[PDB]
Amino acid sequence: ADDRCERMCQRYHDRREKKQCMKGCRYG
């Protein structure tokens, strides 16, 4: 899919903080 959540999660950047984001985007 497109980097939708990633774009909005750009605030994190670091793959580390991105973890929590990927987990939250697993809802839909």
# chains A, B, ... in the order shown; residues from 1 in each chain; ligands from 1
call {"tool": "residues_around", "arguments": {"residues": "residue 19 of chain A", "least_positions_apart": "6", "cutoff": "12 Å", "atoms": "only C-alpha atoms", "output": "PyMOL selection string"}}
result
chain A and resi 5-6+9+12-13+25-26
call {"tool": "select_by_dssp", "arguments": {"residues": "chain A", "states": "alpha helix (DSSP H)", "output": "PyMOL selection string"}}
result
chain A and resi 4-8+15-24
